[PDB]
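Every heavy atom of this structure was used, including side-chain atoms; hydrogens, water molecules and symmetry mates were not. Letters A, B, ... are given to chains in the order of the sequence lines, protein chains preceding strands, and every chain is numbered from 1.
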Amino acid sequence: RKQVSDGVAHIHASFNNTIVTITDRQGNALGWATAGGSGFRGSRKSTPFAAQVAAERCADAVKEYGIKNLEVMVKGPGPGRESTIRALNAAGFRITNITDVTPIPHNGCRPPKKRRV
Amino acid sequence: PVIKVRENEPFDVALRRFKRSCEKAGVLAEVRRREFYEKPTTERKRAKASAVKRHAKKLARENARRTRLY
Amino acid sequence: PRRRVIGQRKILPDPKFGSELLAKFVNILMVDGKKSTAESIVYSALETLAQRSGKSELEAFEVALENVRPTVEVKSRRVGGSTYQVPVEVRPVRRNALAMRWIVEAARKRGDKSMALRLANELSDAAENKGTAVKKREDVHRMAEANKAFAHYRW
Amino acid sequence: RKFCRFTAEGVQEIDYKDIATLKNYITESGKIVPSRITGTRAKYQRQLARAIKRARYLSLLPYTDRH
RNA sequence: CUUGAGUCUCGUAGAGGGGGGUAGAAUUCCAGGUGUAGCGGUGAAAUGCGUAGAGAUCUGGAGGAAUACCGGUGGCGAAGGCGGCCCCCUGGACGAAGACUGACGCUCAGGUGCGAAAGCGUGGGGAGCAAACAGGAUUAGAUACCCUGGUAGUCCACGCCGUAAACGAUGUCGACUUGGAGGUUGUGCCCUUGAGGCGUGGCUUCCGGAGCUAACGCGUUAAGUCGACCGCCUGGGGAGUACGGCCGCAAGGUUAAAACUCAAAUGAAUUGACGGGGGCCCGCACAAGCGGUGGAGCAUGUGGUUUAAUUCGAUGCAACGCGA
Ligand SMILES: [Mg+2]
Ligand SMILES: [Mg+2]
Ligand SMILES: [Mg+2]
Ligand SMILES: [Mg+2]
Ligand SMILES: [Mg+2]
Ligand SMILES: [Mg+2]
Ligand SMILES: [Mg+2]
Ligand SMILES: [Mg+2]
Ligand SMILES: [Mg+2]
Ligand SMILES: [Mg+2]
Ligand SMILES: [Mg+2]
Ligand SMILES: [Mg+2]
Ligand SMILES: [Mg+2]
Ligand SMILES: [Mg+2]
Ligand SMILES: [Mg+2]
Ligand SMILES: [Mg+2]
Ligand SMILES: [Mg+2]
Ligand SMILES: [Mg+2]
Ligand SMILES: [Mg+2]
Ligand SMILES: [Mg+2]
Ligand SMILES: [Mg+2]
Ligand SMILES: [Mg+2]
Ligand SMILES: [Mg+2]
Ligand SMILES: [Mg+2]
Ligand SMILES: [Mg+2]
Ligand SMILES: [Mg+2]
Ligand SMILES: [Mg+2]
């Protein structure tokens, strides 16, 4: 509805899925798209291509808002830390800032036990 | 790792600058370490093993600087 | 093929139109080393095709090839606990070979009286973009668009 | 190639109040640079790191670049 | 008597110990805003979560636990162990110079104290993690590995327990015996001339000489050469078990046999072979292809059955149109 023209792209890049959320400067979400919701399930979901498709879908989900430039906040170690950024640029956006916001505890909680696979 | 794109900066080189900043900060490696708990006995063993390997290559290099393969 | 680099056997052009492209077609159609009967089928089918659609025989055959020739296929790479179909672009030489084989198999499955009629209808259908041969190209391409996620990353 | 500035200036105790030098031994993200890279002696590195932690408490240097 | 062992003076480094504060990341939870169909998870899934609005994202709040980077075959401690920062209380070590005491030393059965984790008692606390447990998978089964959850416990106080591959699988103390490259921490001297030179202590890592060793290896931090004292071993199993004593709230700990049974058990190294170890390289091995076999009728061989006899032999590949 309203035009903001200055958004922020939040990219949640886990080992299993990629969630792309576009919001304004104050954190209010405008649209989102995920690899799982873009026609990829199981193995195909955790692929850089699937993350890239999700970024493209999130662009059309937000194009009515008339966003010109936006910042990129990348969180997570998984695949799709990169392809989603290129897909956002290829969607016709001005990438102004790129910052990593992965939560890095300073020796906080005890992580789960090692998988014996 | 906060990257700001400069004027007349192509996006591709800005992305490349972002990869380096993350790499020098060791963000990806940190998350790998913290995915599962490592018993203190294990990391002490792992740290010692890495120290031995690091030292072993330093000494092994000298004998390869003294050997004529042919 | 582990180490042996293999060159290429040269094929003689067909006696009538002098085309290396068509000489491969009669080889694929030929069964049990009956080359003479194979080219008779091909030549008569081309004669029917040329009259049925106006274009020169060689040009008409080419048009059918363009409508059947694939550009991407899926190779198979097993993964621990699953099998992955990796999309890979196909070489121009293998492009023609796959198209020629698909037309021949489609013609053999058709219900027409003679093999020449079986063949001639197939290039006619292929030139108009319908039939089993082009349907195979559709299936191969759809399979390779669905697995675009595994391309490059698992090449 | 990298030598210890502290040892070459006879710095005695590194001062948490001297922000100018401390920024030379923290990364862009605020992490403490290892002495392997800066070439500082082990004795001053312990003093240097200790000093940085106090500055961080006093909010003279960031803990992280995000904050 | 002063050379062993101590005391004093001045300094140095240190996650040494106890107590009390505090800070910043992050997880979880609570409330709210934006927002919409998925999230989560796996080898693949499903349980689970979600239109009662999740996940994602932003703001505010609560609480517990642990201290990224520094960080180092770095440091300290008798060992167990000790890692944010600050204060209070406190132990030891080391160095410099001189003074002092004058063998006051070493070891140590019994004894006493300390002693990871788990566990136990009482009272607190409880975010994350996670025995038990529950569900979903996997499977021939799966009381497992994997997934979603999850109680004790992990945290604090005070007691108890006294065990670990509590390991350097190497008791303590002292003396002696070629070297090399480092780490760490003192200190003396020299145009300080420097991001210098020459010494002299403590601790420590990796090589390696003689010597030693069954060998592997150890090698001035000895497993070398010696001295002092202590602990301990005497084939494998039975068995660190039974009984007894002592200790413990309990779990159990400690001390510690015998009958019986065997001709071995074991250590290191060697040659092979093997590996759901690694590396390199091949082969119609796979892949890329074409044509078959397995179904039909018949030919033929074999098994089986049958028969008075169905002669004998060949039996994974490498027997079965084979001896024929
Ligand atoms: Mg998990
Ligand atoms: Mg409901
Ligand atoms: Mg002291
Ligand atoms: Mg006297
Ligand atoms: Mg005793
Ligand atoms: Mg405990
Ligand atoms: Mg308790
Ligand atoms: Mg309680
Ligand atoms: Mg579990
Ligand atoms: Mg179960
Ligand atoms: Mg859990
Ligand atoms: Mg014991
Ligand atoms: Mg231990
Ligand atoms: Mg022992
Ligand atoms: Mg040695
Ligand atoms: Mg015996
Ligand atoms: Mg006996
Ligand atoms: Mg007992
Ligand atoms: Mg007893
Ligand atoms: Mg082998
Ligand atoms: Mg094949
Ligand atoms: Mg048959
Ligand atoms: Mg027979
Ligand atoms: Mg015989
Ligand atoms: Mg026989
Ligand atoms: Mg025989
Ligand atoms: Mg034969």
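- Under 4.0 angstrom from either OP1 or OP2 of E/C281 there lies no side-chain N or O belonging to C/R4.
- The phosphate of E/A285 (OP1 or OP2) has no side-chain N or O of C/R2 nearer than 4.0 angstrom.
- Close to E/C39, at under 4.0 Å from its OP1 or OP2, lies a side-chain N or O of A/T34.
- Not one side-chain nitrogen or oxygen of A/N17 sits closer than 4.0 Å to the OP1 or OP2 atom of E/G41.
- Side chain A/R115 to base E/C147: no donor-acceptor pair is found below 3.5 Å.
- Neighbouring residues E/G275 and E/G276 fail the stacking criterion, which requires the centres of their six-membered base rings to lie under 5.5 Å apart and the ring planes to differ by under 30°.
- OP1 or OP2 of E/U42 lies within a sub-4.0 Å distance of a side-chain N or O belonging to A/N16.
- The phosphate of E/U185 (OP1 or OP2) has a side-chain N or O of D/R46 nearer than 4.0 angstrom.
- Nucleotide E/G84 forms a Watson-Crick or G-U wobble pair with E/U22, both donor-acceptor distances falling under 3.5 Å.
- A salt bridge does not link C/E20 to C/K10: none of the charged side-chain nitrogens sits closer than 4.0 Å to a carboxylate oxygen.
- Between the NE2 atom of A/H12 and the P atom of E/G35 there is a distance of 22 Å, given to the nearest Å.
- Under the 30°/60° scheme for interplanar angles, the aromatic rings of C/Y84 and C/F150 are found to lie parallel.
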